[PDB]
């Protein structure tokens, strides 16, 4: 656990997790290589009735549908592979820890999804992992992949 770090932008190094530690930022992280991957993590608070909210993603103003019927926080992982496409709601991380993850590894972009305390890893695929750069809007930490079991413990139990 290296940190905490203040909000910044950088190409996270390969084989390390970024552990994201929002307070109430709407947009937690923007990641793109400007070719074939745009990923954004949106934070929806508990007890949100189905509505359209405005988010600024990669400088573009977007209306995205959100709902949270639970007493947990939901990270909406929004994804597109074309600069011109609309975002898809690809994954959800449902959390009473309010921690999320981002990693560049094995030509993939890895996140956590599902509901704490059983949240697990999945990925999106790229031909251009080296060019993936993240704007991180929250305090964060850096955990090596050799220590993912601790990262998964912090995501699931805090």
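Positions refer to the first chain, counted from 1.
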Select between 53-61 and 121-129 the stretch whose C-alpha atoms have the higher average B-factor in the entry. 53-61
Among the choices 68, 26, 111, 94, identify the one whose CA B-factor in the record is greatest. 26
Within this chain, which third does the Cα B-factor at residue 151 fall in: lowest, middle or highest? middle
Where does residue 104 sit by CA temperature factor within its chain: lowest, middle or highest third? middle
Classify residue 37 as lowest, middle or highest third according to the C-alpha B-factor given in the PDB entry, relative to its own chain. highest
